[PDB]
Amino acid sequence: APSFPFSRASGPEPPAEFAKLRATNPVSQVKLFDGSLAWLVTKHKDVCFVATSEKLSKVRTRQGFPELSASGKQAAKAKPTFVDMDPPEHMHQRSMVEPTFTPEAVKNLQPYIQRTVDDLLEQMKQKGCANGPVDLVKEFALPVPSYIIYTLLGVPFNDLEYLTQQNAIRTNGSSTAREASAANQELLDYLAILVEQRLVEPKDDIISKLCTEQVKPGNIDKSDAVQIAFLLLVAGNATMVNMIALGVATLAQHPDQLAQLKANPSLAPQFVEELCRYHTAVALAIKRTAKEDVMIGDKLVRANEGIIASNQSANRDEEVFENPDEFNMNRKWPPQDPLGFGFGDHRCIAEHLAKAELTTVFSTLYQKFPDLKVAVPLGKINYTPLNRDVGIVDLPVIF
């Protein structure tokens, strides 16, 4: 059994192991860091089964749960938030914060998302690049999702820049363990203050709704409110930043597709759809433990055995997506859902918001900067370390 997780084949590529497994061993066992074994599911149909089976659990206190790192094992000791819950607890807590993320709410949020993107791009234009390239990540990819989530949560305008930087330090590969920890705890302390504040004087934000509708009535306590707001912040921010950066790099890699997008920004939604399939930046989130024996393919997963369902491999499943390793914004989509945002009950709560942020970015970026170009050879792009989910650390650009 090979050690899992695998390392990407290269900066912008998924691990090479998946294609071979899909072809000759779709459901197999892998060895985790602690020496325990777990079942790796690689086919789309099977990943969907794992994501919806009621015989499988997300509860991390169940022996056999596939923790992939020492830190993951430690984090499993804390009181869980809906991300690690099974029904009925899952939706009982998730429904507390779903309103802001519904397709309807996101549609009504479009003007705000557009304004945020516009202002950040305008800031870039004003600053210019007369003295050399600027980092697209620091100046745009990072602040866009950060400002939006922080604002929706309840953070005041004047605190956005500092908090965006601290949250970045949390996941920056350059941060030492102490630095990452300090930034993490610091964000929690800040959220605790916002909760105390909103409890006394609620405003029009997520934290206020949690305080008024859940804390005051006694449905949850203050610390719970903090953890839920914290989950909403850290769950998808780093991913968003990486998706925006990967999107820009991808368009640079395929000139004609960038030409097409520039000539028709209405293709942004299709482009984002392909981007979320092709670059599955969150590939290790669909994990379960079997509550009882369950058959998957030609394998029997016994009770208490862990399962890791690769949505990344599923999105490259040739049986569902023809020419899966080809990035094509004009792709003819099958009836089967690409799994960039997961599947089933736990499917990304912010899928619609995430898609809206990305479509707003890619329907605007090249209208504002039609001559935007990565200021370094594409093969020299600084990607996240290969043993991590795909992403880009910094991306110098000129325009």
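We number the residues from 1 along the sequence you see.
123-131 and 256-264 differ in mean CA B-factor, and the higher of the two is recorded for 123-131.
Just going by the entry, 233-241 versus 212-220 on mean CA temperature factor gives the higher value to 212-220. Highest C-alpha temperature factor among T42, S53, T364, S36, as the PDB entry reports it: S36. Of the candidates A314, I148, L194, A303, the deposited coordinates give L194 the top C-alpha B factor. Ranked by C-alpha B-factor against the other modelled residues of its chain, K368 falls in the middle third. Per the PDB record, residue ranking by Cα B-factor puts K58 in the middle third of the chain. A177: CA B factor in the highest third of modelled residues in this chain (values from the PDB entry). Among all modelled residues in this chain, the alpha-carbon of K332 has a temperature factor (C-alpha) in the middle third. In this PDB entry, the Cα temperature factor of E201 sits in the top third of its chain's modelled residues, the highest group.
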